[PDB]
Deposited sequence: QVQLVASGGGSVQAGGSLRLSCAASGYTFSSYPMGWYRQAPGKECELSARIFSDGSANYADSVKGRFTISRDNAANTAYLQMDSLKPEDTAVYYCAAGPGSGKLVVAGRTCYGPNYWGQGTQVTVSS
């Protein structure tokens, strides 16, 4: 049974930084991403890292966040610099082959199959 445990998170002042971590006990040879769900808002893909290492970035975070993997510890990372109050939301670690969904607050998020419990970020 796969379990994705996210770490990091918390509150910080505008312009501050936060690094989120995601452990997995599932390997790391497919795409892993980070999604965020703001209150009363649709679920949004923040950044994604593919097997080859290439990544996707939400235009509003491009240049401010940096996704990365370790492989040597099955841990994915999301460094968030120049945080903005708009970045406030719950961030969920997401991974796996194929696709799955996350049903939260009546809204469903189509993504990677496996999700984390979600960590609260506040700016």
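The deposited sequence has C-alpha coordinates everywhere except the stretches 26 to 27, 126 to 127.
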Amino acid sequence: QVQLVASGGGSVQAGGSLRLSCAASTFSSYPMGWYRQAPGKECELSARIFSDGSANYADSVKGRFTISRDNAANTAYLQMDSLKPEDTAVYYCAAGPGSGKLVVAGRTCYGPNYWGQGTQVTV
From here on, numbers count along this sequence of modelled residues.
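Legend: mean Cα B-factor per stretch from the PDB entry, 43 to 51 versus 57 to 65; the higher mean is in 43 to 51.
The stretch 67 to 75 shows the higher mean C-alpha B-factor when 33 to 41 is compared against 67 to 75 in the entry. Compared with the other modelled residues of the chain, the Cα B-factor recorded for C22 ranks in the lowest third. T122: CA B factor in the lowest third of modelled residues in this chain (values from the PDB entry). In this PDB entry, the Cα temperature factor of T88 sits in the bottom third of its chain's modelled residues, the lowest group.
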